[PDB]
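Following: one structure in C-alpha cells, then a few remarks.
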Protein chains: 2
Amino acid sequence: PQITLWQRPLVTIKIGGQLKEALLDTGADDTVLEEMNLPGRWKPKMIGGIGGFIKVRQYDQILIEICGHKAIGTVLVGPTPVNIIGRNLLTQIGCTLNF
Amino acid sequence: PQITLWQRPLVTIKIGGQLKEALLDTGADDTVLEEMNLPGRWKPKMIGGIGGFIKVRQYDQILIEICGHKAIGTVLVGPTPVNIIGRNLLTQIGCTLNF
Ligand SMILES: CC(C)CN(C[C@@H](O)[C@H](Cc1cccc(F)c1)NC(=O)O[C@H]1[C@H]2CO[C@H]3OC[C@@H]1[C@H]3C2)S(=O)(=O)c1ccc2nc(NC(C)C)oc2c1
C-alpha cells in the first residue's frame, strides 16, 4: 500500500503466534515491542530515545508478519510506550518515503 | 524524492535562518528540534518517548524549509537527542510511506 501521514501509520503484525498493532517508524533504527511472551534465548540491551534509556531483551531471527509481508530479524522487547517497526524490518518489506 | 530506509532518512532543513539536519520520522506526531535560538513567544510543554519525558518550548507558526519544501507549523525545542520532523510537517510536504 501507499500510506499518508494524517494519522499514525499503524499496521497489524503477527509475531510469536500473537496479533498486535505497531507503528511504521522511519525514525527507529530497530524494532521495539511492548512486553510480550517470546520463546528462546535473548541478550540484555539498553536503547535510548527522547527521554532517556530503557533495558530491552534482544531476540534474533524472529519471524514477523507486517501488514501481510513476512520478515525475519532482531526484535527488542521492553518498556517502550508503543510497538515500533524500525528500519531493520521496514527495508525487508520494501518500505520507502516519497514526497 | 523517493527515500529507501537502508540508512536513516536525514534531510537538510532551514529554520530561523539556520541550516540543520533532521530525521524524517513517521513515528513522531510532532516536530522536535535540539536546543536552538528561535525568536518570539513560546509555551512550556512536556512530551514523552521511549525512556520517559522531556520539557520542550512550543513555537507555533514557525517556517521550516525541509529538503527544499516550505511548511509552517508547530516546532518543539528541547533536549531531544536528534532533530525529528514529525507528521505535523510531513503531511505538509506530501510525504507518504509505500510498500
Ligand atoms: C527519537 C527517535 C530518534 C527514535 N525514536 C523513534 C521515534 O519514532 C519515536 C517513536 C515513539 C513513538 C511513540 C512513543 C515512543 F515512546 C516512541 N517517537 C517519539 O519519540 O515521539 C514522541 C515525540 C514526538 O511527538 C509525539 O509523537 C510521539 C511522541 C510525542 C513526542 S525511539 O526512541 O522510539 C527509538 C526507536 C527505535 C530505536 N532503535 C534504536 N536503536 C539504537 C540502538 C540505534 O534506537 C531507537 C530509538
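As the structure lists them, so they are numbered: ligands from 1, and atoms in each ligand from 1. Every chain is numbered from 1, with letters handed out A, B, ... down the list of sequences.
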[atom1]/[X] to [atom2]/[Y] distance, rounded to the nearest 0.5 angstrom?
X     : Y     : atom1 : atom2 : value
B:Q92 : B:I64 : CD    : CD1   : 10.0 Å
A:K14 : A:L19 : NZ    : CG    : 6.5 Å
A:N83 : A:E21 : CG    : CD    : 9.0 Å

- Message: Is it the case that ligand 1 has an N or O less than 3.5 angstrom from some N or O of A:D30?
- Response: yes
- What are the atoms of ligand 1, with element, lying closer than 4.0 Å to any heavy atom of B:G49? 15 (C), 16 (F)
- Message: Within the 4.0 Å heavy-atom shell around B:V82, which atoms of ligand 1 are there?
- Response: 3 (C)
Could you work out, for [atom], the closest of [options] by heavy-atom distance?
atom                    : options                    : value
atom 5 (N) of ligand 1  : B:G51, A:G27, A:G52, A:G86 : A:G27
atom 22 (C) of ligand 1 : B:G48, A:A28, B:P81        : B:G48
atom 10 (C) of ligand 1 : A:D25, B:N88, B:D29, B:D25 : A:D25

- Using side-chain contact (heavy atoms from CB on, under 4.5 Å) as the criterion, list what pairs up with A:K45, not counting sequence neighbours. A:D30, A:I47, A:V56, A:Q58, A:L76
- Angle class for the A:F99/B:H69 ring planes (parallel below 30°, perpendicular above 60°, tilted otherwise)? perpendicular
- Nearest protein heavy atom to atom 17 (C) of ligand 1, by residue and atom, and its distance? B:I50 N, 4.1 Å
- Message: Quick one: does any side-chain atom of B:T31 pair with a main-chain N or O of B:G86 as donor and acceptor, under 3.5 Å?
- Response: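 Yes, the answer is positive, given that a donor and an acceptor are paired below the 3.5 Å cut-off.
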